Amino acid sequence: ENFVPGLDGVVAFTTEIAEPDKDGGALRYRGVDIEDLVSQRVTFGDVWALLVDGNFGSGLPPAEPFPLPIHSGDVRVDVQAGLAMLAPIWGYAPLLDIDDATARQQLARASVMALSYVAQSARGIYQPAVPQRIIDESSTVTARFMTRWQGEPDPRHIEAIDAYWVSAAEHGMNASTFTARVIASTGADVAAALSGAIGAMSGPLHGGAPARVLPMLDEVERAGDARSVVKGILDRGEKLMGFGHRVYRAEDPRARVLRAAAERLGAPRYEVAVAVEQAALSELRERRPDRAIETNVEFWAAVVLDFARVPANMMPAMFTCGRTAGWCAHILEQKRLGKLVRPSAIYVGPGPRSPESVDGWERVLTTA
């Protein structure tokens, strides 16, 4: 009794990093609203520094040249493995043996190299790399990532990614952030903790499937037939991509800034995407008025990411790129805390028995 498996609602830490007000419909990084950051066009490197350091003192340095050595065919796997291999070649010591400033420099160096590995993996092995002198023509971390990936970077496409990365940078104690904090609490080096957090984010229960709303949006060709299409999908017993039970008590403020960014940047799908949003919401609240139904953040993430020419198989990696900022801030906070996380379990399995009583002992005898 008094037991719900899964630590649901158990307080494990106190953080000073970010506060997601579920009741007030707000998300603030160190007290600053994400809407202020996105509208005022603050780039990812500065939001990374604000979350990790607590102010706008010193941003994010550019990535050094380092051709990706892993080509597994899965962008996630490439960066999970390539990050772990940074510790030997760069001489990363365990967190126990370094001071706070050294951990911050190591976290910044590994974060920006993750973005470089993602861009190289997405560009693919069947293409020559983009020369370093062209990459160096840009001055922001986000612009260099786009140049390294696509060659010529469309400036309006870069602003879409900076909007998306800033709104996905940090969102509390998600499972992949919890994993990074657990690995860091054992004293391991920063690369081992980042690498494990990527493994957690790879799980399909980490969020939504932005790529799945694009085929629906492709069926609707004008704002007028948005109601008719939503009629058909709901009548065929299928599900509506991008809508469900509310996560925030009203709406996710992250869906707000992504939609506003799509309008401000003049994304072609905006007109049709707004029409599908109101069509889907009017229907779902009509067929089942008992549930609080809202637009999920995955819906407007698909519009912003697709407008920036990000393919479907690459959309999960673009979320991981942004979340490195939250991961690094929690790793640095876990280091200063200095307390190993170590929960408990309760045994309910079989009582004491002899090996001969177990089924299969005969095989152990015949073989051994």
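Residue positions are given as counts along the sequence shown, with the first one as 1.
Stretches 113-121 and 227-235 differ in mean CA B factor, with 227-235 having the higher one. Across the two stretches, 251-259 and 85-93, the PDB entry reports the greater mean Cα temperature factor for 251-259. The maximum CA B-factor among the listed residues 172, 204, 266, 199, taken from the PDB record, is found at 172.
Highest CA B-factor among the listed residues (288, 76, 144, 71): 288. Looking at the C-alpha B-factors along this chain, the one for residue 345 belongs to the middle third. Residue 314: CA B factor in the highest third of modelled residues in this chain (values from the PDB entry).
For residue 192, the recorded CA B-factor ranks within the lowest third of the chain. Only modelled residues enter the ranking. Ranked by Cα temperature factor within the chain, residue 330 sits in the middle third according to the deposited record. Looking at the C-alpha B-factors along this chain, the one for residue 160 belongs to the lowest third.
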